[PDB]
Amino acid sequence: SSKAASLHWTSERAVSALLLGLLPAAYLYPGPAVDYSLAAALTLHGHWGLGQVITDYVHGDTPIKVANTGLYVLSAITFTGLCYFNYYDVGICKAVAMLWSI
């Protein structure tokens, strides 16, 4: 769109706010719904966030393209592994509780 930059800025704040609502959700209604929402929200927020760091600090067409490509790989693998953990293992909410029972 001709408004791609402002729509992206708005999407970032929305996902930040979404992630903020998922923390009460995880404490109060832990389960598959929250687990996968955290997988999605944590990956998207971190991806957009790391994208801002790249935009600030990486300069030059090729280093920019390289950093962003590696970021896509990192994000895609991160989301895959969190969904993997949620499906084959105890999932995010239960793992945290188990960690905190140590």
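So that there is no doubt, residue numbering starts at 1 and follows the sequence shown.
Novice: Pick between 21-29 and 8-16: the one whose mean CA B-factor in the entry is higher.
Specialist: Between 21-29 and 8-16, it is 21-29.
Novice: Mean CA temperature factor from the deposited coordinates, higher in 47-55 or in 60-68?
Specialist: Stretch with the greater average CA B-factor: 60-68.
Novice: Taking the C-alpha B-factors as the PDB entry records them, is residue 87 in the lowest, middle or highest third of its chain?
Specialist: Tercile = middle for this residue's CA B-factor.
Novice: In terms of the chain's CA B-factor thirds, is residue 42 lowest, middle or highest?
Specialist: Within its chain, residue 42 is a lowest-third residue by C-alpha B-factor, going by the deposited values.
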